[PDB]
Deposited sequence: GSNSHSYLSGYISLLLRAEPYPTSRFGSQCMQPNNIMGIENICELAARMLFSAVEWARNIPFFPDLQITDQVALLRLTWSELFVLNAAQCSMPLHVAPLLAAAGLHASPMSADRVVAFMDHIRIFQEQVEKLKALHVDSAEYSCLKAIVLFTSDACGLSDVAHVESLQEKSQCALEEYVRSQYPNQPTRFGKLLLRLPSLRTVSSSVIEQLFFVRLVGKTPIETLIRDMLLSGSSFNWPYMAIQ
């Protein structure tokens, strides 16, 4: 913005404000997973810029990234992870490290919200209509993150690069494993990527 430094800060505050949570019958692990997914989509509907993208671009971005946002939200919310002391466990084991590494870096709420924006605004999605604009938005998100981290963590000079190096691992987590682990009772069967568009068009608040 036109005081760049303060407007990058205002951005992060808006990314934060978009989060539904802080972010009787006690959620079970699969209800917890559905909330982590729905909250990703609701957060995306309420951040700056995303909702103004053409709808088909919004769908393309979420279809690719939902699993990475899912992982970010699962780490953020400390979703219980070894859990069924029933499960596989190659599946259980590979979701797990990524969560554990983000918690190990003590990623803060701000950093989570930036990382989710950087993940969402990816020009890797198939079928985008305005790739330059999405890139610009990712550049803004990364430039916001960099500024935050240099100012909040001035004695951890490598922190920015460590946070960015979480990204490739997100991109390798398998969508099918996440589905198999958490979403089968809810969905079968059906790949989440095929239901994302309905999800985005559902989903409540005026805010």
item	value
Stretches of the record's deposited sequence for which the structure holds no C-alpha atoms	24-36, 99-115, 238-244
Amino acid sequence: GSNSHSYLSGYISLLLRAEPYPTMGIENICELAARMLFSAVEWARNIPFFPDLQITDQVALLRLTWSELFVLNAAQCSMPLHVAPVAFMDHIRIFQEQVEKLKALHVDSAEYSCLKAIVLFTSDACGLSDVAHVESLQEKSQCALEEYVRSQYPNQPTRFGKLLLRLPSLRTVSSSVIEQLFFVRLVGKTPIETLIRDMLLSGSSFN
From here on, numbers count along this sequence of modelled residues.
property	result
9-17 set against 190-198, stretch whose average Cα temperature factor tops the other in the entry	190-198
Comparing 99-107 with 132-140, the one whose average Cα B-factor in the PDB entry is higher	99-107
Highest-ranked of 81, 118, 125, 75 once sorted by CA temperature factor in the record	81
Candidate set 68, 27, 52, 42 [ranked by C-alpha B-factor, highest]	27
Residue 31 - Cα temperature factor, lowest/middle/highest third of chain	highest
